[PDB]
Amino acid sequence: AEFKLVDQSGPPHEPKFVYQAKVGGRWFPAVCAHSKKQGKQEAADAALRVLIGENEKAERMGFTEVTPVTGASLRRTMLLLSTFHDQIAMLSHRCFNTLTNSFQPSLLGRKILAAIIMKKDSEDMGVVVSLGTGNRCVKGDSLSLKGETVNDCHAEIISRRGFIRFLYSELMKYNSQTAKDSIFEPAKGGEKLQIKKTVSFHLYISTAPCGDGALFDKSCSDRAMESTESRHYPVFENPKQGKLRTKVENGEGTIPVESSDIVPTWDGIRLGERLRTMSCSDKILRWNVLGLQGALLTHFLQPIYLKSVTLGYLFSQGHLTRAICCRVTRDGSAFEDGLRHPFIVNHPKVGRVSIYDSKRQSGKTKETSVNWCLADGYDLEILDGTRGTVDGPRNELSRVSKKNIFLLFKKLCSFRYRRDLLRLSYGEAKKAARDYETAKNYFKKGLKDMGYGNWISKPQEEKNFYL
Amino acid sequence: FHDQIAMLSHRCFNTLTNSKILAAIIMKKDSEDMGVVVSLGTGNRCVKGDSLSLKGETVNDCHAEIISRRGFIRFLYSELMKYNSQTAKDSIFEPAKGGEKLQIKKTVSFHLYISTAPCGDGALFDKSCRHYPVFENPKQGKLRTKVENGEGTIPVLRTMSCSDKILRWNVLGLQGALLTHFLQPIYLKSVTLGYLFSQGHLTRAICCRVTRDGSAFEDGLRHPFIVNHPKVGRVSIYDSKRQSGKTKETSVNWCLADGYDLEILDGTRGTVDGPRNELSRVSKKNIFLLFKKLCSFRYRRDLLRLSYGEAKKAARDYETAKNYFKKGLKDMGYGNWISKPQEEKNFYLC
RNA sequence: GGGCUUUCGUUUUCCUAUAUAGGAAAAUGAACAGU
Ligand SMILES: O=P(O)(O)O[C@H]1[C@H](OP(=O)(O)O)[C@H](OP(=O)(O)O)[C@H](OP(=O)(O)O)[C@@H](OP(=O)(O)O)[C@H]1OP(=O)(O)O
Ligand SMILES: O=P(O)(O)O[C@H]1[C@H](OP(=O)(O)O)[C@H](OP(=O)(O)O)[C@H](OP(=O)(O)O)[C@@H](OP(=O)(O)O)[C@H]1OP(=O)(O)O
Ligand SMILES: [Zn+2]
Ligand SMILES: [Zn+2]
Ligand SMILES: [Zn+2]
Ligand SMILES: [Zn+2]
């Protein structure tokens, strides 16, 4: 498409612009307007009235690079284009609506919503403890050397980051007097706390997680059954399923870790190679095998695991079960005994909302992202997912960035009289926890050896930053 | 000033390829003279361990800057071929002190243009960020080596980054060890960057990293070697969208004395693109032949009997300056510079 | 897409001088580059 400035006239304080829309070889009515923006708007408008029906204008030039290739994957992509779970979904969407009940209208576009719910006992109605949105990631140009950017903005990732913030706040509130009212209890020996046996966590995602959890058409939608059994039913129809995959920059689809030996480097990515962020399904598998508390929090807590995952669209039991937890158990249980307690695999109950909301438009997916934690009250953080910073001219720091998490870690280490950890860097602090690092390395080695590829890590200059 | 350099390099490349990551070396006879592109190179790849050759028939770094330097070396060999008593006035070389060696004339200078920043310490900065170096962090200024399968580098069979090699050029000269036997060191007058230009980290990367702790390094540098501080500039207008388009691993090299005959190599191996696997004209063997012809023409039969390693170590001044520069880099806390085993350079021409 | 940070150019108002030109505050419309 082209918008030609046919003519500019008039004095600087009241100019008149004359614009014309052109698509390929077809020209449209020329228009007078008061501003360039409105010139383009009226030119487009005239073209559309001429051809809402011809559609000639519609076909030309998409900008980012493309390749959904797994095997003959073009037909698959074209086909794709064309606790009581309902309680979790209603809680998540009511919390979102209440938070954004009277905010700016920019949050009226399509979005992906994720939430984490905590249930203190059996009759607990349920309370949202996190919330995240967004569908984009950062570019290779927008990375930071001091951890001032968020490398992802998918809804589940931001939700887990909010859960991390909530865990930090709840650890702040803990003390000797209010040990009973707190969700934590002393573990064996009292060195590190642990979650109470009555407290559980659930996760709801408005769509299927990107990656190994969405290689099937929407027409493959299974019906909702309230099966009492908790035993999963994974299906390994082809070898290609089970492969790991990354969200490449400026590309469309979700492509496996190929025989692409391009080593992620800081200056290399700056010079123009493709930045690959891992898919959300792989990250959820990592949470199920390691824990939602990350690596820093494991100093004071045993791993925190999930109990259920509720999806609002594109649910398939045999696909999602393998995507999140069963793909590490395909070749026997020999992987389970290798892992060391308190690190163990987690098999959360998978579920689907009773009926999907059929209004799922494919196009016009904006980049804005929203974050909210329990401690924040009514405060929501809105980020521009393309840059990984707070959406605004000042592009201030994001409260879910690695720097703020490190600040919270320093505050908690000072509060808990952990002087030795107070003098370490971010990378060394993460490497201080021998058990979590050993479990993570073993899990990656097991993934590689059994035959699903190799995990893609950010450049070492980006993980270990300067503070 | 740098806009003319960039446009000259681009025009020369387009004209030669009529029948991108592109570096060039440009020689400007005088200030009023526009200048002429003298060496040209392209590429982004580096060979691996399997492509390493003991006899030296493969170029172990097909990057743009390195291959442009190799082309410039070949051009300098050609000019030394052209030098005689009759053409002494019209040449660019003049007798130096003592009459033992020639030297570059004062008016003629050389400049370098690179389309993007060199790998290594030249692109370690974010959007937040007389020479004005920047040393705000302990990690800054460290040596980095090129990684296989990529354009990037990792901090310290390993090939130092382009930034470290540009520093080595700015300290020990451009002509290399062999040309020292017939020339004084030559230093770039200016370095021009097309993309990824930071003043602080480029001047720290290429020149100023050995001036962080005062002037305790220059005094120990025996003459004529000096710590050059070339003028650093950027092209005025630049393409906005960073270019992520996939790039072929072919490398094009050319020198002013070759007319209209470009050579194409593949960076994965380091040989001329063709089933016969021709020997590259910027390889070690061709350079050694060119030098042995210069020595035969100059009646210096002493240097003929020396092999590549012996002739390279024959230049006592250059090798002492190189060792001193390496030791000074190791002292200030930058890690040990890696050198390939001498068996690679211990080859005799047939 | 949004959004903070030299102009061109309107009126009113103030002043100079002789209705006139000039200077000044305000906002008003397009471009603009650092984030
Ligand atoms: O996307 P996130 O949920 O924020 O995960 C990030 C980060 O992922 P990104 O690639 O998106 O930045 C790291 O993954 P890799 O870079 O290694 O691929 C990983 O860090 P580690 O692998 O070193 O553990 C992880 O760490 P954790 O498991 O502790 O949550 C965590 O890092 P941050 O918490 O610092 O953001
Ligand atoms: O080909 P270049 O990159 O321009 O540099 C090569 C080589 O570096 P590479 O092996 O990475 O290509 C030598 O460095 P080493 O790795 O061998 O240590 C280096 O110095 P030395 O030969 O003394 O080691 C230099 O030589 P010079 O000092 O003359 O610039 C030169 O060597 P060649 O031009 O003979 O290949
Ligand atoms: Zn996703
Ligand atoms: Zn399972
Ligand atoms: Zn390079
Ligand atoms: Zn300098």
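Don't overthink the numbers, they just go from 1 along the chain as shown.
Just so it is clear, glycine is given a Cβ too, placed from its N, Cα and C backbone atoms.
So that you can see what the record holds, here are the features copied from Swiss-Prot:
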ACT_SITE  A:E156  active site, proton donor
BINDING   A:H154, A:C210, A:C280  Zn(2+) binding site
CROSSLNK  A:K119  SUMO2 cross-link
DOMAIN    A:130-465  domain 'A to I editase'
MOD_RES   A:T67  phosphothreonine
MOD_RES   A:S73  phosphoserine
MOD_RES   A:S82  phosphoserine
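Recorded features from Swiss-Prot, shown on the structure.
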{"residue": "A:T67", "record": "phosphothreonine", "DSSP class": "coil"}
{"residue": "A:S73", "record": "phosphoserine", "DSSP class": "helix"}
{"residue": "A:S82", "record": "phosphoserine", "DSSP class": "coil"}
{"residue": "A:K119", "record": "SUMO2 cross-link", "DSSP class": "strand"}
{"residue": "A:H154", "record": "Zn(2+) binding site", "DSSP class": "coil"}
{"residue": "A:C210", "record": "Zn(2+) binding site", "DSSP class": "coil"}
{"residue": "A:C280", "record": "Zn(2+) binding site", "DSSP class": "helix"}
I'd like to confirm something. Which of the recorded positions, A:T67, A:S73, A:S82, A:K119, has a Cα closest to the Cα of A:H154 (Zn(2+) binding site)?
A:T67
Between A:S82 and A:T83 the model skips 15 residues; how long is the Cα-Cα span in Å?
32
If you measure from the C-alpha of A:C280 (Zn(2+) binding site), which of the recorded positions A:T67, A:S73, A:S82, A:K119 fall inside 10 Å?
none
By Cβ count within 10 Å, point out the most packed of the recorded positions listed: A:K119, A:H154.
A:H154
Output, ordered by sequence, the same-chain residues six or more apart from A:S73 (phosphoserine) with a CB under 8 Å from its CB, or 'none'.
A:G253
Based on a Cβ-to-ligand 4 distance below 6 Å, what subset of the recorded positions A:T67, A:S82, A:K119, A:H154, A:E156, A:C280 would you report?
none
For the residue listed as 'phosphothreonine', what is the tally of other C-beta atoms lying within 10 angstroms of its C-beta?
11
Return the residues near A:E156 (active site, proton donor), defined as same-chain residues 6+ apart in sequence whose C-beta is under 8 angstroms from its C-beta, sorted by sequence, else 'none'.
A:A114, A:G132, A:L203, A:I205, A:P209, A:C280, A:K283, A:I284
Going by C-alpha positions, which of the recorded positions (A:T67, A:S82, A:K119) is nearest A:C210 (Zn(2+) binding site)?
A:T67
Length of the line joining the Cα atoms of the residue listed as 'phosphothreonine' and A:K119 (SUMO2 cross-link), in Å:
42
Where ligand 3 binds, which of the recorded positions A:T67, A:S73, A:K119, A:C210, A:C280 are close by, with Cβ under 6 Å?
A:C210, A:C280
List the Cα distance (Å, whole number) between A:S82 (phosphoserine) and A:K119 (SUMO2 cross-link).
38
Using a 10 Å cut-off on CB atoms, tell me which of the binding-site residues A:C210, A:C280 is the least crowded.
A:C210
An 8 Å radius from the center of the A:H154, A:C210, A:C280 Cβ atoms defines the neighbourhood of the Zn(2+) site; name the other residues of that chain inside it, in order.
A:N135, A:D152, A:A155, A:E156, A:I157, A:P209, A:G211, A:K247, A:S279, A:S281, A:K283
